[PDB]
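Data block below; observations after.
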Amino acid sequence: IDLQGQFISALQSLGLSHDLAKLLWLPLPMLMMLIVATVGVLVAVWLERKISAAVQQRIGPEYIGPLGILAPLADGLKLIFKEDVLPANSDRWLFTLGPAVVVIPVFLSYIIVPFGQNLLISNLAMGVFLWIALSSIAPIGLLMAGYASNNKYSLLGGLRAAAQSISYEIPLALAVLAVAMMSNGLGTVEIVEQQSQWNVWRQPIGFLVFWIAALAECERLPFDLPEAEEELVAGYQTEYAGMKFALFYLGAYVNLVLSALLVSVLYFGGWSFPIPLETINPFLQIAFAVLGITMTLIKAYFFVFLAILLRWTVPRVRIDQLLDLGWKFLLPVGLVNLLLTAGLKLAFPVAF
Amino acid sequence: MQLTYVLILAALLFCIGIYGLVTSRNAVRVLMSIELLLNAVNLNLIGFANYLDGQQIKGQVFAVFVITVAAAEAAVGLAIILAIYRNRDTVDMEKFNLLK
Amino acid sequence: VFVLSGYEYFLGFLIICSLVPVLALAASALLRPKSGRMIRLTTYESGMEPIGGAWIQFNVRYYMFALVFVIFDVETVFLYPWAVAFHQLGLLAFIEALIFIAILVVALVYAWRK
Amino acid sequence: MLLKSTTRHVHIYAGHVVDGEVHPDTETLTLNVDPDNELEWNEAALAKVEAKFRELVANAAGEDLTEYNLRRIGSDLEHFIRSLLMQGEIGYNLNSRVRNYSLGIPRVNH
Amino acid sequence: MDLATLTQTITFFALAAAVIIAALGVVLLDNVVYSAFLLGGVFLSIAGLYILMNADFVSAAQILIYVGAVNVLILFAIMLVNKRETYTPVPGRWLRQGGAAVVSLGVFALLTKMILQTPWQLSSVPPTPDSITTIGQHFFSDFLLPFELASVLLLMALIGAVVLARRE
Amino acid sequence: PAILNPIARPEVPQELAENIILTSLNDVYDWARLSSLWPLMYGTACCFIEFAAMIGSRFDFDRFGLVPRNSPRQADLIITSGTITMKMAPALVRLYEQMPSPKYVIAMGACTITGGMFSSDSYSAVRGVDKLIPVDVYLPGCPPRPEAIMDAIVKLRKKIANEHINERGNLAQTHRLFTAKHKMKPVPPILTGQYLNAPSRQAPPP
Amino acid sequence: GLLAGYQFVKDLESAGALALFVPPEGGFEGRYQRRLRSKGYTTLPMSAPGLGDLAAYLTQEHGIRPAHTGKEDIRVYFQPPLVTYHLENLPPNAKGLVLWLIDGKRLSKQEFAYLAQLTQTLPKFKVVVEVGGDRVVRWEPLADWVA
Ligand code: SF4
């Protein structure tokens, strides 16, 4: 229904300087994506907390609210209410700036996830490449948290956070190059409007590549070494007490949600009940919008579910067993996939 | 927003990089200034590309090759600095005076 | 002149996302206990106090991977416009890019054998 | 590194508090009587504790700087505080915090 | 005289001030870790300046290589060589600075005297948005030898650093 | 010498607040810090094994919001679990004090509130953790039924709700501190590495 | 409910002895204790499973005999009453001294009646008893709930 048009025209009817009107529509989706991001964090926390109890014949929170619905609310409000402590020789500027640096770009990368056509913020012609770029800023914040702490116990485990995050960006890049072949570019709308009746069937290998490189962004118990609670307590996090630890926590879960939404838009699509949709008009547009949003969230939820379900199925790996995936299983296979897709697009340019 | 001040800003980075290149005490702190110089030249190239030669961008490609070679050369430089740290066990660049 | 169309949200969103940490963190100092500075500032070495000296015994075990990452990460920037222009280019640019990739693979094998 | 004796309401160290750090010096012997406010202190009884500490370090100490010895000093202070708290100089705080009678419950001295 | 060209101006001057301040922080601050992080800040601000100049691919690449990879490499190499920075001063510590300063300053003025004297060719035509397909065409039409030859450059650099930092 | 160990008879009493908009927000504050207590995995003896069984699936304590946390700084609670000898006690005060200020304590077991069985004829046990830190809830019993720990947490949760927001002055430390020069001849640390690299392990003497 | 004023304090000042039927989670009752402390009342809970005759520990002076463990042969302490000592250690502007009992189920009818009758005598003194139960925090006078 082009809500931008009516918002600007109704607001341009009582004046308000039409350029200013186009300026004043900016913050609405820019904060709506923050709303759904925070909600996705709350949902991811509650989901992990209840499914990690289902796996174990356990029952998660039910005394917080009805079903633990208000558990991360309690967590966040507490961590606001907690004291913050700045240890003895730690720096004052870098300590309270590390978590901001590792948290910000994950939010900033929500300017590309569609949720529906013309239902996103500012489709960039670069798109996913900007995500691959902004994701490489996190190790700076992690090394900042390591250096800005007298805790050798922390820095010894903050360098290995800039060893895996600096290792699973190359195949993460190659698996999306393999999609940039097909889709005439890099914009998400172009990656997905190429699906009108999915890339997973034609990228059976790059799926594993992207999906192993996304889980291994210092997130999950298959690796999550920099928070290896048993190996060395909380790594770089153990001196962060109040809302700063909440920033780290938030950042992990919101990055997981972003990975799920991004696998959805890349390989499956944030539309397309798998029949060739649009074969069957504002009252119909508001229906297909809801349908596309719903199916997007279905696939994102399935990937969040599988991701949390590996956390309780897959014991961790030291650091050498880890880095012998990168450069020895993900990078050669990503190169092979790239060359394969290139050769097939050269021979069979149809279907790509 | 004009070409002139972009060029002036790049020249100012060039000046500052020279100052850090002559003033440096450490040896890892010199590559930082060198990278600043390379950034300045890239900035000039991108300005020329936007204003002067737009319909076929030709300086952006040259800046891509610049950031490429600068990354590689910084890599090699830090490799050399890691090796001199093995023997002399410092990076005080005023201790590397083997001539009188 | 500005032809990028698709920005003016990146700027404001860089602003609001640089403003959520400083604001959720500024909404903590307004309501929290103050400092407690005597012994809560000490460094966590598992209950015991730190030994002393406090060095790390540095190693190349994390440098070399950053080195090869710089190499193979500079490399990818030469591949995105290749993939994106592969429609327009066709043949004689795939033959001409598998050379690039093969020499890259030779570098990979060199780093692998060591 | 530090050599401390941390009982309840007696914490002894071996450095000099500059602003909240400690900085072990090997000769300053700070003290931190009752940080958690289990007791409500006056100006006199607290001075008696101070003088006990001074004439318990200097008057009887000429041996090594082990934690054994500082722990012994802390024990003598924590018994002196029983004495002050029984005789009735100082008393419990009564505030709406924990109110756990670590030293003793109130008697009547029959 | 407009809102869309005003945001560009304000953003440009903010980014330029950030660049200059952070580069002076790189060069003047005694501690070098702060200099490395401020160098990353310089790289981000320059990547934001490129977007005003219709270069988005190279901007994302600067954010992906320099700050992403090279800056991390510097933050490794710096703790590789930290030993409490115990440096005693030299008598001429000011002298060299002064020399460099005036030299550097002269260059700036000299360059400025060029930048404001020469009649640039502004070429009033709207630039092109597709600044990524065109670079793909140029890697295989015009600038192909640098592509093919930077290949072996990267090979040789790997072979060099791998055998110059090796511990033996 | 009339009422030994006496109470102090305070003045300037507390100046509590009474408006509703603040006391409802106080209820939310307390409910939030209440329903998400994050313990500290602090184990020394079989009280920790009952705490481990409390983690389990016969009856968890994940509900009413408890996450076993590994570091003190993120934590909110030390369920003191085991005996406190005289060689680990500073390794408990340095865990308690090295923690954010709104923090609580539970003392499970009898070997850590009076020394229990080791309250007599022992020469290395601390006869009560209440003379190391301010215990907030006591539950008795060598190994107690770990569902009794949840009774203690019920009883602790109805004490977090008993707090007020304009009353955080009883939450800091006063630091009544002094100094004293001395002469006690410092000795070298005999506690280092050197377990196998020591010359005497690679050396049958003459 | 989700928000409640100060009618609990009026009910308590009126009846003298209430009986809370809170849930077995102990999370939604301390707020009413706060509402009492927000007026001037001072609290002391002392956990009835541990109180004896309740005429010797509250009114009269009784003898506590601590734990000897082979050492320190039997000795008394004679702690003073819980209700004529804290009641005299009040601040100046003190409205009264409420009394909280966490586990009231373990006690019997007789001492419930005694605590109820003890509200009228010994004026500045009130009572509350947390007899666990209902899934919504409701209360009732303690003269009721018995006979
Ligand atoms: S109280 Fe019982 S369970 Fe706890 S440490 Fe002592 S003997 Fe073990």
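Just remember, in the structure tokens the first chain shown is A, the second B, etc., residues are 1-based per chain, and ligands are 1-based in the order shown.
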
Within 9 Å of region 91-93 of chain G, counting only C-alpha atoms, which residues qualify if same-chain residues fewer than 5 places away don't, as a list in words?
residues 9, 10, 11, 12 and 13 of chain F; 40 of chain G

Just write the chosen residues, C-alpha atoms, as a short mmCIF file (atom, residue, chain, number, x, y, z; two decimals), in the first residue's frame.
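The result, written out as selection.cif:
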```cif
data_model
loop_
_atom_site.label_atom_id
_atom_site.label_comp_id
_atom_site.auth_asym_id
_atom_site.auth_seq_id
_atom_site.Cartn_x
_atom_site.Cartn_y
_atom_site.Cartn_z
CA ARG F 9 19.42 2.39 69.55
CA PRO F 10 19.76 4.35 66.26
CA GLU F 11 18.49 7.85 65.45
CA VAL F 12 17.58 9.78 62.26
CA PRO F 13 15.67 6.64 61.50
CA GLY G 40 7.49 3.76 60.15
#
```

Neighbourhood of ligand 1 at 7 Å, counting only C-alpha atoms and all ligand atoms, reported as a ChimeraX atom specification
/F:45-47,81-83,108-112,116,141-144

Write a file of the just-selected residues containing C-alpha atoms, as an mmCIF file, in the first residue's frame.
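The resulting file, result.cif, is shown below:
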```
data_model
loop_
_atom_site.group_PDB
_atom_site.id
_atom_site.type_symbol
_atom_site.label_atom_id
_atom_site.label_comp_id
_atom_site.auth_asym_id
_atom_site.auth_seq_id
_atom_site.Cartn_x
_atom_site.Cartn_y
_atom_site.Cartn_z
ATOM 1 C CA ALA F 45 32.634 -30.704 49.139
ATOM 2 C CA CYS F 46 29.515 -32.893 48.887
ATOM 3 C CA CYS F 47 27.279 -29.862 49.316
ATOM 4 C CA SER F 81 28.921 -25.347 49.314
ATOM 5 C CA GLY F 82 31.406 -27.228 51.451
ATOM 6 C CA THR F 83 33.851 -26.847 54.291
ATOM 7 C CA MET F 108 24.288 -24.740 52.787
ATOM 8 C CA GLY F 109 25.585 -27.461 55.054
ATOM 9 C CA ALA F 110 26.610 -27.615 58.666
ATOM 10 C CA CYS F 111 30.339 -27.623 57.912
ATOM 11 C CA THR F 112 30.119 -23.927 56.974
ATOM 12 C CA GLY F 116 29.433 -29.145 61.762
ATOM 13 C CA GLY F 141 22.108 -30.375 57.306
ATOM 14 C CA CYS F 142 25.104 -32.215 56.012
ATOM 15 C CA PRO F 143 24.116 -33.189 52.726
ATOM 16 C CA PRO F 144 20.692 -31.538 52.716
#
```

Within 10 Å of chain F, which residues of chain G show up when using only C-alpha atoms, listed as number ranges by chain?
G: 2-6, 24-35, 37-40, 43, 68-71, 77, 79-80, 85-86, 88-94, 102-103

Distance-based interface of chain F with chain C, 12 Å, counting only C-alpha atoms, as JSON, numbers by chain:
{"F": [26, 29, 41, 42, 70, 71, 72, 73, 87, 88, 89, 90, 91, 92, 93, 94, 95, 96, 97, 98, 99, 100, 101, 102, 103, 165, 166, 167, 168, 169, 170, 171, 172, 173, 174, 175, 176, 177, 189, 190, 191, 192, 193]}

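Of the listed residues F:134, F:204, F:37, F:182, the one whose atoms come nearest to residue 62 (chain F) is F:37, with distances taken using only C-alpha atoms.
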
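Picture a line from CA of residue 142 (chain E) to CA of residue 88 (chain C); it runs 15.3 Å.
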
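Restricting the calculation to only C-alpha atoms, the smallest distance between residue 45 (chain D) and any of D:11, D:4, D:82, D:71 is found for D:82.
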
Mind listing as a PyMOL selection string which residues of chain D are within 8 Å of chain F, counting only C-alpha atoms?
chain D and resi 5-8+16+26-37+40+50+54+57-58+61-66+85-88+90-95+97-98+100+102+104-109

Chain E contacts to chain C at 8 Å (only C-alpha atoms) as a ChimeraX atom specification
/E:51-54,61,64-65,69-70,72-73,76-77,80,126-129,132-133,135-137,140,147-148,151-152,154-155,158-159,161-162,165-167

Tell me as a PyMOL selection string which residues belonging to chain B come within 12 Å of chain C, counting only C-alpha atoms.
chain B and resi 1-3+50-51+54-55+61+63-79+82-83+85-86

Please dump the current selection as a CSV table (one decimal), in the first residue's frame; keep C-alpha atoms.
```csv
chain,number,residue,atom,x,y,z
B,1,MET,CA,31.8,19.2,-0.3
B,2,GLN,CA,34.3,20.1,-3.1
B,3,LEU,CA,37.3,18.6,-4.8
B,50,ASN,CA,34.1,11.2,-8.7
B,51,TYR,CA,34.7,14.7,-10.3
B,54,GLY,CA,33.1,9.5,-13.6
B,55,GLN,CA,31.3,7.5,-16.3
B,61,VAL,CA,40.5,0.4,-9.5
B,63,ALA,CA,42.9,2.4,-5.2
B,64,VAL,CA,41.9,-1.3,-5.1
B,65,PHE,CA,45.4,-2.2,-6.3
B,66,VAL,CA,46.8,0.3,-3.8
B,67,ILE,CA,45.1,-1.2,-0.7
B,68,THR,CA,46.0,-4.7,-2.0
B,69,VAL,CA,49.8,-3.9,-2.2
B,70,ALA,CA,49.7,-1.9,1.0
B,71,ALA,CA,48.2,-4.8,2.9
B,72,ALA,CA,50.8,-7.2,1.5
B,73,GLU,CA,53.7,-4.8,2.2
B,74,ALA,CA,52.5,-4.2,5.8
B,75,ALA,CA,52.4,-8.0,6.2
B,76,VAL,CA,56.0,-8.4,5.1
B,77,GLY,CA,57.1,-5.4,7.2
B,78,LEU,CA,55.6,-6.9,10.4
B,79,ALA,CA,57.2,-10.2,9.5
B,82,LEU,CA,59.0,-10.0,14.3
B,83,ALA,CA,62.5,-11.2,13.3
B,85,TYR,CA,62.6,-8.6,17.8
B,86,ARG,CA,64.1,-12.1,18.1
```

Would you please extract all helix (DSSP H, G or I) residues from chain B, as assigned by DSSP on the backbone, and give them as a ChimeraX atom specification?
/B:3-23,28-51,59-87,93-95

Using only C-alpha atoms, which residues sit within 9 Å of region 23-26 of chain A once same-chain residues fewer than 2 positions away are excluded, as a ChimeraX atom specification?
/A:4,7-8,18-21,28-30,121 /C:8-9,12

Region 8-201 of chain F: which residues are strand (DSSP E) by DSSP, as a PyMOL selection string?
chain F and resi 77-81+104-108+137-139+176-178

Convert the current residue selection to file output with N, CA and C atoms, as an mmCIF file, in the first residue's frame.
```cif
data_model
loop_
_atom_site.group_PDB
_atom_site.id
_atom_site.type_symbol
_atom_site.label_atom_id
_atom_site.label_comp_id
_atom_site.auth_asym_id
_atom_site.auth_seq_id
_atom_site.Cartn_x
_atom_site.Cartn_y
_atom_site.Cartn_z
ATOM 1 N N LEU F 77 25.270 -14.508 43.652
ATOM 2 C CA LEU F 77 24.985 -15.402 44.758
ATOM 3 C C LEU F 77 26.094 -16.425 44.924
ATOM 4 N N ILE F 78 26.547 -16.600 46.155
ATOM 5 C CA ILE F 78 27.461 -17.673 46.525
ATOM 6 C C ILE F 78 26.658 -18.597 47.427
ATOM 7 N N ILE F 79 26.218 -19.718 46.873
ATOM 8 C CA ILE F 79 25.647 -20.782 47.680
ATOM 9 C C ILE F 79 26.840 -21.537 48.231
ATOM 10 N N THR F 80 27.315 -21.105 49.394
ATOM 11 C CA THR F 80 28.521 -21.645 49.997
ATOM 12 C C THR F 80 28.371 -23.138 50.226
ATOM 13 N N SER F 81 29.161 -23.922 49.504
ATOM 14 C CA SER F 81 28.921 -25.347 49.314
ATOM 15 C C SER F 81 30.186 -26.103 49.678
ATOM 16 N N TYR F 104 24.284 -11.622 47.381
ATOM 17 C CA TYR F 104 23.705 -12.363 48.486
ATOM 18 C C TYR F 104 24.483 -13.648 48.698
ATOM 19 N N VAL F 105 24.159 -14.329 49.794
ATOM 20 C CA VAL F 105 24.893 -15.505 50.235
ATOM 21 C C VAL F 105 23.885 -16.502 50.783
ATOM 22 N N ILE F 106 24.116 -17.775 50.518
ATOM 23 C CA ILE F 106 23.412 -18.870 51.166
ATOM 24 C C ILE F 106 24.465 -19.828 51.683
ATOM 25 N N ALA F 107 24.271 -20.310 52.901
ATOM 26 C CA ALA F 107 25.234 -21.159 53.585
ATOM 27 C C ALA F 107 24.622 -22.541 53.749
ATOM 28 N N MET F 108 24.837 -23.398 52.758
ATOM 29 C CA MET F 108 24.288 -24.740 52.787
ATOM 30 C C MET F 108 25.285 -25.686 53.424
ATOM 31 N N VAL F 137 21.083 -16.206 54.310
ATOM 32 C CA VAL F 137 20.152 -17.280 54.642
ATOM 33 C C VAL F 137 20.952 -18.496 55.074
ATOM 34 N N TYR F 138 20.500 -19.142 56.142
ATOM 35 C CA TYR F 138 21.073 -20.379 56.649
ATOM 36 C C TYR F 138 20.108 -21.516 56.364
ATOM 37 N N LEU F 139 20.632 -22.634 55.863
ATOM 38 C CA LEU F 139 19.885 -23.886 55.809
ATOM 39 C C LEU F 139 20.781 -24.950 56.432
ATOM 40 N N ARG F 176 37.205 2.044 57.452
ATOM 41 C CA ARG F 176 37.829 2.636 58.631
ATOM 42 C C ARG F 176 39.259 2.111 58.706
ATOM 43 N N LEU F 177 40.187 2.835 58.075
ATOM 44 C CA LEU F 177 41.507 2.292 57.778
ATOM 45 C C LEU F 177 42.646 3.119 58.364
ATOM 46 N N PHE F 178 43.784 2.443 58.552
ATOM 47 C CA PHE F 178 44.951 2.963 59.253
ATOM 48 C C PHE F 178 46.225 2.525 58.530
#
```

Could you write out as a PyMOL selection string the residues of chain A within 10 Å of chain F, counting only C-alpha atoms?
chain A and resi 49-50+53+56-65+67-68+70-85+87+229-230+232-235+237-246

Got a sec: who's within 12 Å of residue 89 (chain E), counting only C-alpha atoms, leaving out chain neighbours fewer than 5 positions off, as JSON, numbers by chain?
{"B": [25, 92, 94], "E": [94]}

Using only C-alpha atoms, find the one residue out of A:338, A:134, A:41, A:156 that sits nearest to residue 253 (chain A).
A:41

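Between chain C and the candidates D:49, D:20, D:15, D:2, the tightest atom-to-atom separation, counting only C-alpha atoms, involves D:20.
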
Interatomic distance, CA of residue 110 (chain A) to CA of residue 34 (chain A) (Å, one decimal):
8.5 Å

May I ask you to extract the residues of chain D within 10 Å of chain C, using only C-alpha atoms, and to give them as a list in words?
residues 1, 2, 3, 17, 18, 19, 20, 21, 22 and 32 of chain D
